[PDB]
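In the form deposited without ligand AHB, a lone chain appears below as structure tokens.
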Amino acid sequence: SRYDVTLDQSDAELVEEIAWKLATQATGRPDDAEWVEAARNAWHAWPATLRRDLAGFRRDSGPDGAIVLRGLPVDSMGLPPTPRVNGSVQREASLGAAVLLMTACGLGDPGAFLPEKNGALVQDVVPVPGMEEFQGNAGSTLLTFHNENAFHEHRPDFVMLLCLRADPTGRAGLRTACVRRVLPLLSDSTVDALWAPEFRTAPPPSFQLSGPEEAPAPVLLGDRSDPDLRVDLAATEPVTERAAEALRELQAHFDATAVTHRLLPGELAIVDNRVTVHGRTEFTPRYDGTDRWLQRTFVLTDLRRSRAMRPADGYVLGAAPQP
């Protein structure tokens, strides 16, 4: 399978060397344009085999709309305890930030949203005490299936998750479900419903004090046989009864066809957010610094499209127009 790639020893050693040099020698820090520029240049030093694998995935993300690469460099012996605060982000140069931002520049460009993790390009995904029931990074309850930032016009094209520390408890796993697997299984009425403009996905309160009551829109987008989708099973509200039934059937088939991944250190999951939803199983964190630790970076395949939301042609998307 070209969607599960283990680095051979030589390639893993070359990537480690490149990542260390970037992390230690590049001027500035990960969120600075000059550091992203260094990562972009560093990406082109990677082994050609890996660049070819990623280019292949970008061109065709396959029936599960996801790839896992294994054997990437993480400083396990140097890793501090897993962070325990909401909004934990990687502001300082590190091996993890190097790996993520280099890969981001290979697939497109990294990006982030000002109202989410303060627009940090490399974001920690860790369980936070008191946030157990929360539908987000910090929770440890069941995270229902969603496209990342489904409400947003310039939502991530890819979501990348690098594992620094595995969940020691064995109950946590990333779940990904692709529309390619479910579409041929869906009943005709459900398919019709999903193409109809009968679903409202409002932005979360963090993204606006508020205004424009979101116009109803379809869940399925683009080609009839190979559509994209835009859904959040927590946030998307059906406007009609048939839309409600359709979401229930959609969820059922996501659950039935989802791939569940327990990531290990040095493993990088890349999800095609145009065709694949993700979620996470419930688990019981230890909250003792040994818990699951992933770092996340979003990729925009055509950064240019979001320029109106990126002051100074930066990597942080805000808002506006207005009139």
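Shifts are known only where both forms have a C-alpha. Numbering starts at 1 and follows the sequence shown. So that the term is clear: the rigid core is the largest set of C-alpha atoms that superpose within 1.5 Å between two forms.
Only in words, not in the display: the form solved in complex with ligand AHB, which the text now covers.
Have a look at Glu198, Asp109, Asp157, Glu116 for me and say which one sits with a heavy atom within 4.5 Å of ligand AHB in the bound PDB entry. Here the answer is residue option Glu116.
Select from the listed residues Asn147, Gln90, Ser140, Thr103 the one whose heavy atoms reach within 4.5 Å of ligand AHB in the bound PDB entry. Contact with ligand AHB in the bound PDB entry is made by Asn147 alone.
At the 4.5 Å heavy atom threshold, is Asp232 in contact with ligand AHB in the bound PDB entry? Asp232: yes, in contact with ligand AHB in the bound PDB entry.
Though only this chain appears here, would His261 touch ligand AHB in the bound PDB entry if you measure heavy atom gaps against 4.5 Å? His261 lies outside the contact set for ligand AHB.
Hey, in the bound PDB entry, does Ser210 get a heavy atom within 4.5 angstroms of ligand AHB? Flag for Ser210 set to no.
Closest heavy atom of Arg58 to ligand AHB in the bound PDB entry, within 4.5 Å or not? Outside the cut-off, so no.
Just one of 245 to 253, 172 to 180, 213 to 221, 199 to 207 has heavy atoms within 4.5 Å of ligand AHB in the bound PDB entry; which? Of the options given, it is 199 to 207.
Note that ligand AHB is not shown here; using its position in the bound PDB entry, name the residues of 256 to 284 with a heavy atom within 4.5 Å of it, in sequence order. Heavy-atom contacts to ligand AHB in the bound PDB entry: only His278.
Superpose on the core and compare between this form and the one not shown; which one of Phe151, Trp195, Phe134, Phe207 crosses the 2 Å Cα shift mark? Looking at each option in turn, only one qualifies, and it is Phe207.
Can you tell whether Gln208 sits closer to or farther from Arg296 in the bound PDB entry than it does here, judged by CA atoms, where the change is 3 Å or more? Their C-alpha distance shrinks by at least 3 Å in the bound PDB entry.
What runs of three or more residues stand out between this form and the one not shown, with each Cα shifted 2 Å or more once the rigid core is matched? The segment that shifts (3 or more residues, C-alpha shift of 2 Å or more) is 202 to 214 alone.
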